[PDB]
Amino acid sequence: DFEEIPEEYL
Amino acid sequence: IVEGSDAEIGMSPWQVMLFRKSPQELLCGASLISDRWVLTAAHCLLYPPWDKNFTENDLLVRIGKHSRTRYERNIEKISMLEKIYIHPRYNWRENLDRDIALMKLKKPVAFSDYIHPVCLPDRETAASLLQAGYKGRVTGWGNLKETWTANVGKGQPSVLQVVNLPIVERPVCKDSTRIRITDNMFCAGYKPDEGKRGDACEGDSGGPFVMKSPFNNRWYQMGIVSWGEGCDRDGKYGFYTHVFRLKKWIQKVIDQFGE
Amino acid sequence: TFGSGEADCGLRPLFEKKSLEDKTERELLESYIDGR
Ligand SMILES: *C(=O)[C@H](CCCCC(=N)N)[C@H]1c2ccc(-c3cccc(C(=O)N(CC)CC)c3)cc2C[C@@H]1O
């Protein structure tokens, strides 16, 4: 459901 | 939120989303109380019956949001957690008494039009406002229709929802349930006759119940969304963590670290 | 001090700070014995 968030946050 | 409406933009700039990294999920609501501190419900992190026990690296915090599922590219801020603090007497065995937790952010958030902390009440603010009949306001991205028993119709919102609900008197709170109610809780919601409806629901827990002071025009957080029996069931009510009664614990922890 | 730092708490940039009301906050304020 969620749009992807920036990889710097994972 | 059941029977609420869409929030205006910037209407609740202290609302935070608790977001699981993997799988990517909404966990719970929360709130921003300074540049570095987030307030939520302990049951969002730690709940043994359901084998829930999150640590800091399990989670992200997302601040500044409106859309539930969009990444709001130059509007939202995402933060990492440094440290989770749960009340040492939170009662997950019995009734969710002391359902409160503090989260320390890795780096302070910058405020903006969409990111702005709420106040915590003082004694006289708690006293004047926390009265049966007065309404406060609950916000969140949780379900639109009951899932304590899964409900259809619409399911999930796309934007932040809002609802205003009256404080109910303590004897009616206690007579609505078989759970032992403590002085660290209050309940809220319309009575079955009153015609109006509305409630929190799954995915809303941990977020803010706020009220606006008529003396200084500021918003205060008086409750945290804690538990309830179903969502918007007639003759049942939402229960909230009583934020003022746990305020000593809150300031004890934010004073001991520490700059 | 002055709150937790802020001090500015609870006053929203897009509303209180520029003297705009949201579309339901009057419902809150008139439940407070109405009071005015
Ligand atoms: C959070 O999103 C869930 C909803 C909170 C508010 C919902 C509402 N006002 N309708 C949250 C939730 C809700 C209810 C319970 C629940 C129901 C009945 C009993 C108990 C319970 O286990 N007790 C403690 C042992 C007695 C209070 C809990 C549970 C939860 C968890 C869910 O994330």
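Just so you know, these numbers use all the heavy atoms, side chains as well, and skip hydrogens, waters and symmetry mates. So you know, we letter chains A, B, ... as the sequences are listed, proteins then strands, and number each from 1. One-based numbering, in listed order, for ligands and for the atoms of each.
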Practice task
Could you pull out every protein residue that has a heavy atom closer than 4.0 Å to ligand 1, ordered by chain and then number?
Solution key: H43(B), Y47(B), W50(B), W92(B), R93(B), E94(B), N95(B), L96(B), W148(B), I179(B), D199(B), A200(B), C201(B), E202(B), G203(B), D204(B), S205(B), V225(B), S226(B), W227(B), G228(B), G230(B), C231(B), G238(B)
Problem - Six-ring centre of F19(B), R62(B) cation under 6.0 angstrom, axis tolerance 45° - result: yes
Practice task
Would you verify whether the NZ or CZ of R73(B) falls within 45 degrees of the ring axis of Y71(B) while also being under 6.0 Å from that six-membered ring's centre?
Solution key: no
Practice task
List for me each residue that meets ring pair (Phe, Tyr, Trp, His ring centres under 6.0 Å) alongside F111(B), sequence neighbours excluded, and say none if there are none.
Solution key: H116(B)
Practice task
State, to 0.1 Å, how close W141(B) and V16(B) come at their nearest heavy-atom pair, and which atoms those are.
Solution key: CZ3-O, 3.8 Å
Just distance, no hydrogens or angles: give the donor-acceptor pairs under 3.5 Å from side chains in residues 246-259 of chain B, sequence neighbours left out.
from: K247(B); atom 1: NZ; to: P121(B); atom 2: O; distance (Å): 3.0
from: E259(B); atom 1: OE2; to: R36(B); atom 2: NH1; distance (Å): 3.1

Handout entry: Pairs where residues 72-150 of chain B contributes a residue and the test disulfide (SG to SG under 2.5 Å) is met, not counting sequence neighbours
Key = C119(B)-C9(C)
